[PDB]
Amino acid sequence: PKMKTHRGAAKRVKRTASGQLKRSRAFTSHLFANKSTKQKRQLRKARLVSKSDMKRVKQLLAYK
Amino acid sequence: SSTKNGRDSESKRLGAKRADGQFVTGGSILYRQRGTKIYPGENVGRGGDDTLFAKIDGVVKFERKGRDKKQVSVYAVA
Amino acid sequence: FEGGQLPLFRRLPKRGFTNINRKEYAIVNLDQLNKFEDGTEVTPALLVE
RNA sequence: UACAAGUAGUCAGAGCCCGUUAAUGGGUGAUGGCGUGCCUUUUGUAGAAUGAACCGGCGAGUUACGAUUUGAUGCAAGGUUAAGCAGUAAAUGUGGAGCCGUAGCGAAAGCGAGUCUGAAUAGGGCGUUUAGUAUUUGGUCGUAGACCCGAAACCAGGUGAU
RNA sequence: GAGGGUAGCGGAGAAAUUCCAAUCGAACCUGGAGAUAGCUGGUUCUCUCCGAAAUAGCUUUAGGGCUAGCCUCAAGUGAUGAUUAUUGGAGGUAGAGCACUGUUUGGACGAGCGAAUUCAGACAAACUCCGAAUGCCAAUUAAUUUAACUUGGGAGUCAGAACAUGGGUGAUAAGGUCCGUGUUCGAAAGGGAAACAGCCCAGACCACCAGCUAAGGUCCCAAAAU
RNA sequence: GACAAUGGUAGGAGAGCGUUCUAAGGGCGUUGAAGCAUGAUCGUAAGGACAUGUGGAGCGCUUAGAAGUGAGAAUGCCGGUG
RNA sequence: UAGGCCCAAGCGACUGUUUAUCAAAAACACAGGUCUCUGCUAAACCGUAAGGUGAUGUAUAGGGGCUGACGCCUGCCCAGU
RNA sequence: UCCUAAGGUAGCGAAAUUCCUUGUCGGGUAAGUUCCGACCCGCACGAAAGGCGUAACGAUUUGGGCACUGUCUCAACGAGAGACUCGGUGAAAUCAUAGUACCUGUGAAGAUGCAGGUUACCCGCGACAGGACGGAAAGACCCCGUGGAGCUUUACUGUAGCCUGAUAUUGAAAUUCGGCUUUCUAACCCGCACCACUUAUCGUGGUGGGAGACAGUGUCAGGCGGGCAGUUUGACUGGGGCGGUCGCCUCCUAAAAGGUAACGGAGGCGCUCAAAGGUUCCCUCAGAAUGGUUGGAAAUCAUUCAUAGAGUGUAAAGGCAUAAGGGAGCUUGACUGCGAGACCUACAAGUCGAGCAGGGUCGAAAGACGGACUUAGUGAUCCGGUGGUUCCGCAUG
């Protein structure tokens with residue numbers, strides 16, 4: 001049968017035009033009184049999956 | 001029959017980051033330190049935690065500033 | 001599997017939602033209209049055939 | 001071959017008996033030099049660590065559907081059909097629902113070679129780098145017992161007081 | 001003695017975890033079933049080229065796994081690699097010293113007189129007025145050399161050992177144990193050290209009854225000076 | 001005709017030998033096929049020929065295709081014999 | 001063919017029973033004692049339905065716990081469970 | 001003189017119980033760690049998981065005697081069955097190939113096989129048992145597996161069963177400061193009696209008696225419930241337990257860049273401050289060889305020595321008198337939207353930052369200000385709560 005997509009991973013990344021994956025940031029749910037203003041402001045920006053983590057979850061997102 | 005010691009903190013990578021006579025950019029870190037063991041010079045700024053960084057592009061120069069005191073400066077290349 | 005350490009997807013949070021009334025269109029740039037006759041009438045029924 | 005201390009062979013070498021796919025021939029071996037089997041597992045084994053009495057036969061990475069990468073081949077801003085129907089269980093002809101590509105960006109409304117964030121193309125992020133697609137050989141991965149042999153146990157339905 | 005009854009999530013027990021068809025802390029047979037095994041064992045023809053690791057971080061983790069680091073095969077971008085000479089810099093070890101913080105020997109001077117006065121002599125990983133040899137970062141500087149980097153396909157490795165040297169620990173004990181640095185073994189035959197993976201010399205493509213050398217040697221075993 | 005390379009475990013890469021079957025082409029066999037036994041033969045290796053005896057009916061070669069394709073170890077399974 | 005005996009201690013009263021196949025005993029049982037539950041379609045027990053045992057019995061009876069002939073005795077605490 | 005619900009009575013006592021211990025003192029022996037009789041310093045006896053005695057019984061444990069004897073001093077001889085020699089018949093465990101010596105040494109640290117020596121002609125039979133780490137059983141002790149099974153409980157989550165309410169089956173009458181209770185027959189119940197099926201009382205039916213809207217039964221709810229069931233119960237560690245430890249900050253070990261171990265040597269943190277923040281102007285400390293309203297030389301005041309020996313919210317180490325230390329005035333930048341380029345780094349994270357636009361505070365003005373001299377005071381995501389809003393919201397609003 002066909003491979004199944006990791007539904008948990010499909011809710012946290014998107015495919016760019018060049019084959020990269022965009023993700024969200026961590027430390028953003030709660031406890032904002034313990035973090036600085038600059039620390040919280042710069043965490044609102046998105047990032048891409050690192051080149052080392054892609055080698056481990058390539059097939060997990062082969063249909064996205 | 002036990003030990004009371006065994007604690008320590010992670011090591012910070014302090015010291016110089018660029019060499020004398022080397023070319024750097026406007027925002028290159030030059031020296032990480034606790035306090036002011038080396039003072040800023042021409043076209044150099046001191047960060048919040050005493051980090052020394054440049055402000056223009058040029059060569060680095062470690063020179064002496066008074067008896068038993070050192071500084072770091074940056075001069076544009078011509 | 002990471003051998004016991006938390007996986008990257010568990011560490012990251014979810015984002016966004018999906019719209020049920022998503023409308024998509026077939027784009028046709030001004031470059032693909034250089035084959036028809038001068039002054040001709042172009043209609044979707046023709047572009048699809 | 002009965003004065004001799006030998007993982008039994010190898011190199012050197014008299015004597016004695018033979019004569020071949022015909023060539024720098026065949027068998028035997030007085031005496032001298034050198035030399036503590038094989039496999040598995042280990043930092044390290046002649047090991048007194050494991051396994052095999054001997055001979056023969058049998059005895060362990062395979063296949064079907066998906067994904068990815070490389071080689072080959074046809075066509076090319078296009079490439080290609082699935083079920084079905086007619087045919088020798090031929091593998092051809094028909095069949096264009098469907099799938100990928102030609103355009104991205106945003107959670108979304110949406111806009112568009114630009115878009116998102118923002119009071120502000122001020123700056124920054126991801127795109128305008130943009131050739132593709134079908135079949136197939138090889139490598140690896142996924143779902144199936146998944147390279148082969150081996151448990152102490154668990155559950156279900158039955159058979160037993162000679 | 002004969003004929004009968006009680007059956008496994010159960011019976012029987014004057015009670016021993018005792019018996020239920022020669023092994024009962026839970027009988028036997030068939031099926032789910034090729035249960036599961038991060039653990040042992042095994043895994044079949046031949047040549048050619050290249051060639052490791054026994055480390056770090058996290059881990060219901062420690063004889064398992066994942067990413068990074070070292071190997072190999074392709075497609076790419078071009079001196080961006082390495083050694084040396086020279087000119088520059090950052091950094092307080094060895095040694096030394098008593099100017100600071102301590103510890104501490106012998107005298108001299110009356111503020112209550114051996115250590116917050118003075119004249120001499122010593123000590124320190126957590127003392128420093130001073131301070132090397134090396135190593136490290138640079139200068140598209142010079143000469144000799146041959147790498148380096150990026151993208152993609154496939155791996156293995158996470159039990160290490162001895163010797164020299166700088167240290168902790170132990171007792172300036174251990175073929176002990178834990179870190180820094182180099183070499184060898186591991187995966188390396190050949191010669192020497194009588195025998196002897198780690199020591200010394202030296203890296204086997206094949207053949208020869210040719211020559212010169214290294215470590216170590218030249219009375220005999222035993223090649224070379226009684 | 002010149003200089004330079006070629007120890008090697010875990011692993012990566014490349015070129016090959018042999019076995020059974022299939023499709024085409026071209027060939028042997030009662031004037032003796034396969035198998036078996038013996039020998040002093042050829043190639044860099046896995047391997048390939050030839051002669052003789054035994055045997056008594058099938059079997060090679062060339063190119064390509066497809067695999068139940070290679071055994072010394074598992075206290076391995078079965079048979080035979082020390 | 002057919003009992004050695006005697007002077008003193010520990011344990012259990014006694015005959016009896018037990019680990020088929022390494023333990024026969026001081027272990028189990030026993031007569032006796034005491035506590036407690038049960039007024040009859042009894043309690044308790046099996047099935048946990050019908051139907052049965054108890055029992056064709058009726059508190060001088062039946063089920064359960066702990067002691068264990070006999071003799072002399074068996075003290076204090078009810079905060080906790 | 002403290003505390004407790006009460007502080008062990010009779011009896012017994014180095015005991016099937018006494019660790020010190022072969023306790024001490026008397027018996028038995030020429031010699032007694034055992035045995036018997038007494039002493040109470042009872043680690044840790046004690047009255048129905050009974051205490052102290054007891055005739056008769058025991059293939060029970062224990063000490064001392066008589067008799068007897070090859071148990072022994074100390075062995076000898078004789079009889080029979082195997083062994084041994086011939087005829088018949090004829091297995092088994094074991095086994096990498098074997099022409100299989102000793103000594104000292106060497107080696108994975110205990111050699112028939114390696115080094116140097118010593119000794120030894122070839123091949124049988126009857127005996128001994130030292131070694132081939134001899135042969136029968138994938139070591140039962142020990143440690144490991146996020147392996148099993150049996151048992152226990154005030155480990156977690158369930159359940160048979162039992163108890164208690166609401167409601168259906170289920171209808172009357174009256175008392176009564178949308179009702180628990182006396183009350184009546186008609187549902188329902190009776191291992192109660194007499195009759196018929198039928199010369200069997202299992203069952204059905206009929207007539208009496210008893211009981212009665214209770215009981216029994218279905219659904220829902222609360223409580224008790226190792227009786228029974230499924231499972232969990234960490235790692236590091238000079239073996240494992242027990243003890244200690246687990247994240248973050250500073251110093252030494254660390255071998256003058258950075259990095260670097262041990263159950264190696266020393267401490268600290270899980271905050272605080274509305275001024276202890278920003279800005280502008282001023283200022284400067286300990287200790288003070290002496291004078292004094294003379295108070296066990298040091299509170300307060302006065303003049304000179306004063307290389308910082310003072311301070312710096314809080315550990316330590318680097319810094320600070322061009323102040324980062326003290327005081328005095330106004331203030332909220334402890335701002336919004338970002339951000340070239342760098343440090344660190346497996347990942348996720350962490351750190352510094354010129355500069356640009358929008359607001360502002362302080363200062364005459366340059367100019368400074370995106371908390372605190374610097375480095376600890378902290379924890380993914382998933383789920384839920386509270387606000388704001390461009391957005392979506394299943395045919396349409």
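Residues numbered from 1 in each chain as written, not as in the entry; some residues may be left out. Chains lettered and ligands numbered in written order. Part of a larger assembly, values for the part shown. Heavy atoms only, no water.

- cryo-EM is the method the PDB entry states for this structure, with the resolution given as 2.9 Å.

1. Re the overall build of chain C
And then number 1: Helix and strand content of chain C: two helices and zero strands.
And then number 2: Each principal axis of the C-alpha atoms in chain C carries an extent, and together these give about 70 × 25 × 20 Å.
And then number 3: When the accessible surface of chain C is totalled, it reaches about 5300 Å², and 51% of it is carbon and sulfur.
And then number 4: In chain C, 7 positive and 7 negative side-chain charges are present, and the distance between their average locations comes to 26 Å. (Helix = DSSP H or I, 4+ residues; strand = E, 2+ residues; numbered from the N terminus. Areas by Shrake-Rupley, 256 points an atom, 1.4 Å probe, with all protein chains shown as cover. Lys, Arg positive; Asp, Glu negative; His and termini not counted. Charge placed at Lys NZ, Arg CZ, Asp CG, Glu CD.)

2. Topic: the sheet that holds strand β7 (residues 58-64) of chain B
Residues and elements named next belong to chain B.
And then number 1: On the basis of which strands lie adjacent, the open sheet formed by four strands has the order β2-β7-β8-β4 and mixed pairing. Among the strands making up the open sheet, the edge pair consists of β2 (23-24) and β4 (39-40).
And then number 2: The sheet contact formed by β7 and strand β8 (residues 70-75) spans six bridges and is antiparallel. Residue pairing in the sheet places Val 59 in a bridge with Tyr 75 of β8. (Pairing = 2+ DSSP bridges.)

3. A word on the arrangement of the chains
And then number 1: Between chain A and chain B there is no contact; the minimum C-alpha to C-alpha separation amounts to 14 Å.
And then number 2: With no contact formed, the shortest span from any C-alpha in chain B to any C-alpha in chain C equals 21 Å. (Contact = heavy atoms within 4.5 Å.)

4. Concerning the protein's contact with RNA strand E
And then number 1: Near RNA strand E lie 18 residues; those nearest to it are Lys 55 of chain A, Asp 20 and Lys 70 of chain B together with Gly 3 and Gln 5 of chain C.
And then number 2: Measuring from a phosphate oxygen of RNA strand E, one finds a side-chain N or O atom of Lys 51 of chain A at 3.4 Å.
And then number 3: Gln 5 of chain C has a polar side-chain atom sitting 2.7 Å from a sugar or linking oxygen of RNA strand E.
And then number 4: Counted by class, the surface near RNA strand E contains five nonpolar, six polar and seven charged residues. (Near = heavy atom within 4 Å. Polar contact = N/O pair within 3.5 Å; in protein donor to acceptor, adjacent residues only side chain to side chain. Nonpolar A, V, L, I, M, F, W, Y, C, P; charged D, E, K, R; others polar.)

5. Section: the side chain of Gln 33 of chain B
Residues and elements named next belong to chain B.
And then number 1: Within the fold, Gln 33 resides in the loop between β3 (29-32) and β4.
And then number 2: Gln 33 sits in the buried class, given a relative accessible area of 4%.
And then number 3: A polar contact of 3.0 Å, which involves the side chain of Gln 33, links it to the backbone nitrogen of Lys 37.
And then number 4: There is a polar contact of 3.3 Å between the side chain of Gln 33 and the backbone oxygen of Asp 50.
And then number 5: Excluding residues that lie within four positions of it along the chain, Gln 33 makes contacts with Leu 14, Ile 38, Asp 49, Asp 50 and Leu 52. (Buried < 20%, exposed > 50% of the residue type's maximum accessible area, 1.4 Å probe, protein only.)

6. A few points about the interface of chain C and chain A
One frequent convention defines the size of an interface as the accessible area lost when the parts assemble.
And then number 1: On the chain A side, the residues contacting the 10 residues of chain C number 14 residues.
And then number 2: Across the interface of chain C and chain A, roughly 1100 Å² is buried in total on both sides, 68% from carbon and sulfur atoms.
And then number 3: Applying the counting criterion to the chain C and chain A interface returns one salt bridge.
And then number 4: Here the side of chain C that touches chain A is built from residues that sort into five nonpolar, no polar and five charged. (Buried area = accessible area lost by both parts, 1.4 Å probe. Salt bridge = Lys/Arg side-chain N within 4 Å of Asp/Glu carboxyl O.)

7. Side note on the sheet that holds strand β2 (residues 21-23) of chain A
Residue and element names in this part refer to chain A.
And then number 1: Reading across the sheet, the three strands line up as β1-β2-β3 and stay open at both edges, with antiparallel pairing between neighbours. Edge positions in the open sheet fall to β1 (14-15) and β3 (47-48), since each of these has one partner strand only.
And then number 2: Pairing analysis gives two bridges linking β2 to β3, with the strands arranged antiparallel. The residue bridging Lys 22 from the neighbouring strand is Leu 48, located in β3.

8. So, the pairing of β8 of chain B
All names here are of chain B.
And then number 1: As defined by bridge partners, β4 adjoins β8 across two bridges and the pair is classed as parallel. Along β8, the bridge assignment pairs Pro 40 with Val 72.
And then number 2: Connecting β7 to the next strand, β8, in antiparallel fashion are five residues, including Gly 66 with a positive phi near 85°.

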